[PDB]
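All remarks here apply to the structure that follows.
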Amino acid sequence: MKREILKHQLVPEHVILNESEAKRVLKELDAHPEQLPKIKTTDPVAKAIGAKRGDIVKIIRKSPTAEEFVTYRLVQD
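Numbering-wise (the authors' numbering), the sequence shown opens with residue 1 and increments by one.
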């Protein structure tokens, strides 16, 4: 134990969105991917969920009082 950390012990649900699906969602959320944060395909972002250059990921955060926080990340080169 006490090897490594990452802010939160557990992890959220990462889903892969199509540039189209992620497009509506992002804007549906009141934002665009250009605004949101984008992790390079060289970064673990791609290694994770086998994302490819041009794929947005859907991450949901569960909190007390039915509080769900969603954040989209676009895989960019």
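Ideal placement from N, C-alpha and C gives every residue a C-beta, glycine not left out.
Only counting the same chain, and skipping five residues up and downstream in sequence, which positions put a Cβ closer than 6 Å to that of residue i?
i   : result
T41 : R53, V75, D77
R61 : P12, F69
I59 : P12, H14, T71
According to DSSP, which residues form a beta bridge with residue i?
i   : result
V57 : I16, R73
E34 : Answer is none; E34 lacks a bridge partner.
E68 : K62
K40 : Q76
Taking buried to mean at least 16 other C-beta atoms within 10 Å of its own C-beta, is residue i buried or exposed?
i   : result
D30 : exposed
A22 : buried
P33 : buried
Tell me which residues share the same chain as residue i and place their Cβ nearer than 7 Å to its Cβ, disregarding the 5 neighbours each side in the sequence.
i   : result
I49 : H14, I16, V57
So residue i packs on residue j, CB below 8 Å; how close in whole Å?
i   : j   : result
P37 : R73 : 6 Å
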